[PDB]
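Here the protein sequences line up with chains A and B, keeping their order. With the entry's author numbering, you'll find the first sequence wraps up at 225, consecutive numbering, no jumps. With the entry's author numbering, you'll find the second sequence wraps up at 225, consecutive numbering, no jumps. The beta-carbon is built from N, C-alpha and C at its ideal position, and this holds for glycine as well. Have a look at the structure below, then the notes.
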Amino acid sequence: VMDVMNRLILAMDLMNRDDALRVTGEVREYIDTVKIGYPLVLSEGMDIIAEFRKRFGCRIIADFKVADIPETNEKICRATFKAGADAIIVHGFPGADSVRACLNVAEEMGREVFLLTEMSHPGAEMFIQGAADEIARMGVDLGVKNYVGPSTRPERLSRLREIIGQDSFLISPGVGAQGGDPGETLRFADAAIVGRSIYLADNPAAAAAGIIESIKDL
Amino acid sequence: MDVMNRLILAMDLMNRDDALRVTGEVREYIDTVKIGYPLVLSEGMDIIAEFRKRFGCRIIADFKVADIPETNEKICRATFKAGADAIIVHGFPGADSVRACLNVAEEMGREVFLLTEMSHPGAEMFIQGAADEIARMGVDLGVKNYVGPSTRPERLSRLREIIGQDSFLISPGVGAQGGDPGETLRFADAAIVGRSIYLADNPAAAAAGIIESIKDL
Ligand SMILES: O=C1CC(=O)N([C@@H]2O[C@H](COP(=O)(O)O)[C@@H](O)[C@H]2O)C(=O)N1
Ligand SMILES: O=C1CC(=O)N([C@@H]2O[C@H](COP(=O)(O)O)[C@@H](O)[C@H]2O)C(=O)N1
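Listed below in structure tokens is the structure:
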């Protein structure tokens with residue numbers, strides 16, 4: 008599995024190139040894995056991935072929550088990996104064929120797919136939660152090795168970890184701003200995803216250091 | 009929304025030159041283009057303004073927004089700043105995520121399209137069973153624009169029943185995926201067509217032919 012420094016992944020959702028670069032650089036010594044999503048990509052373009060690679064020694068996870076038909080998912084993955092992304096996050100709710108499409112491109116292109124099972128926000132309880140266990144099982148059957156689960160629901164994150172097994176890699180968002188606790192999250196997830204708690208702080212570096220200091224024994 | 013010839017072009021080519029050429033080749037048949045991630049992630053968001061400058065067509069950003077409320081807001085804002093007239097949002101992530109999109113749409117004078125059931129085989133696993141409930145949620149939220157599957161006319165009909173004849177419904181899966189344009193239009197206000205047109209030896213003749221088959225509609 009990817010070696011995530013300090014088990015901490017930065018969710019860089021700032022929408023300004025200068026601010027995104029400044030903050031990421033300020034926490035460079037604490038994090039070597041950055042999750043870049045559409046807020047930043049749709050604001051600065053896919054070239055932002057290249058810029059981050061040039062400026063920092065950071066791994067890039069493209070959080071595009073791919074959720075289209077197989078044919079379109081394939082094109083999205085190809086474009087994303089072509090841009091230099093190490094991994095891409097895909098939704099499992101659209102079904103096995105849509106996930107397989109992403110897995111095939113990742114295999115062909117030598118990159119990785121992360122399967123988003125349950126989400127961390129309140130609305131996830133409406134439809135996603137009830138399908139989450141099956142989505143995770145589907146991922147295991149498809150050979151998925153990387154997963155995303157909610158830090159906001161410990162009991163659910165724990166169940167997801169059980170389904171995918173100790174060997175699978177699991178990252179979890181919802182830490183900090185959404186209420187998730189770093190330590191408790193890491194009882195099940197390999198790495199915690201943190202956005203606002205870090206990028207909106209007066210001193211991102213101190214915020215990151217604080218989170219890391221709280222999970223030092225872990 | 010007034011879609012010319014009840015035909016929306018799904019421009020999923022990933023080359024600026026080809027995308028622009030093909031769209032221009034069928035411009036006389038349409039005035040509504042659906043631009044998705046295949047083109048946007050390959051050529052950038054500036055492509056939307058370019059289409060408006062060259063064709064004046066209305067643009068539907070098919071981004072199947074499916075994140076938490078806070079991120080959805082940012083995605084819609086970035087998308088509408090680029091000049092999109094509407095954005096397609098997944099209903100599966102729940103009401104709060106849809107509401108976030110509705111808020112930005114209202115603020116920037118744009119429209120939100122709610123995707124309720126998808127057209128591919130995999131949609132049967134999880135989406136289909138929640139589709140009716142997702143459509144009702146859309147009604148409860150005041151959503152007026154919807155997306156339903158051409159590949160399952162009975163499901164497209166049920167969606168129309170739920171949202172009413174007043175709501176606007178567009179439907180993909182026509183052509184390449186097996187959907188019939190005429191049957192699709194019995195329920196949807198407009199049919200979305202991609203490959204059957206942009207991969208045709210002659211895109212214009214392909215579009216003309218589709219329109220020819222639905223001229224009585
Ligand atoms: O269930 C999920 C999935 C996900 O990717 N995310 C993303 O994780 C990040 C969370 O950031 P934040 O720490 O709440 O500011 C954002 O980029 C979200 O889009 C989430 O919050 N919930
Ligand atoms: O259920 C759905 C939703 C959707 O937007 N689409 C999109 O509609 C278009 C269909 O294109 P095509 O006519 O099959 O080539 C693509 O851009 C798809 O991503 C779909 O095919 N099914």
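Using DSSP bridges, identify the partner residues of residue i.
i, result
"A:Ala94", "A:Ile68, A:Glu119"
"A:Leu177", "A:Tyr154"
"A:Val201", "A:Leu17"
"B:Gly187", "B:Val182"
"residue 3 of chain B", "The first residue shown for chain B is 9 and the last is 225, placing residue 3 of chain B beyond what the model contains."
So, under 8 Å CB-CB, residue i and residue j are touching, yes? Tell me the CB distance rounded to an integer number of Å.
i, j, result
"B:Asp93", "B:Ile67", "5 Å"
"A:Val151", "A:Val120", "7 Å"
"B:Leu149", "B:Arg203", "Actually they are not in contact, since the Cβ atoms of B:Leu149 and B:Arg203 sit about 32 Å apart, beyond 8 Å."
"A:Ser165", "A:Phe195", "5 Å"
"B:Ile170", "B:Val147", "7 Å"
"A:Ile16", "A:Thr40", "5 Å"
"B:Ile43", "B:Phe63", "So it is not a contact: roughly 12 Å between Cβ atoms."
"B:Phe88", "B:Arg118", "5 Å"
"A:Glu33", "A:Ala212", "5 Å"
"B:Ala216", "B:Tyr37", "7 Å"
"B:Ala27", "B:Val201", "Their Cβ separation, rounded to whole angstroms, is 15 Å, which puts B:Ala27 and B:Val201 out of contact at 8 Å."
"B:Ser105", "A:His128", "7 Å"
"B:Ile142", "B:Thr159", "Not really, about 17 Å apart at Cβ, beyond 8 Å."
Say whether chain A places a C-beta atom closer than 8 Å to the C-beta of residue i.
i, result
"B:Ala74", "yes"
"B:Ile16", "no"
"B:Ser50", "yes"
Report yes or no: is there a C-beta of chain B within less than 8 Å of the C-beta of residue i?
i, result
"A:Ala94", "no"
"A:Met53", "yes"
"A:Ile135", "yes"
Would you say the beta carbon of residue i comes nearer than 7 Å to a heavy atom of ligand 4?
i, result
"A:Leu167", "As for ligand 4, it is missing from this structure, which binds only ligand 1 and ligand 2."
Worksheet item: At what residue ranges does the region 18–48 of chain A contain a whole run of the alpha helix (DSSP H), taking only runs of 4 or more?
Response: 24–33
Worksheet item: Listed from N- to C-terminal order along the chain, which residues in the region 19–48 of chain B have their beta-carbon within a distance smaller than 7 Å of any beta-carbon of chain A?
Response: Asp20, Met22, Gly44, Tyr45, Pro46
Worksheet entry | Where the region 66–91 of chain A meets chain B: residues whose CB sits under 7 Å from a CB there | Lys72, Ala74, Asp75, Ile76, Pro77, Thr79, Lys82, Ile83, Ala86, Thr87
Worksheet entry | Interface residues of the region 113–133 of chain A facing chain B [CB-CB below 8 Å] | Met126, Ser127, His128, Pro129, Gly130, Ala131, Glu132, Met133
Practice prompt. Closer than 7 Å, Cβ to Cβ, to anything on chain B: give me those residues from the region 94–108 of chain A, in chain order.
Written response: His98, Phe100, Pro101, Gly102, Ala103, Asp104, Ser105
Item to complete: Would you list, in chain order, the members of the region 138–151 of chain A that have their beta-carbon closer than 9 Å to a beta-carbon of chain B?
Response: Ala138, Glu141, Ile142, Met145
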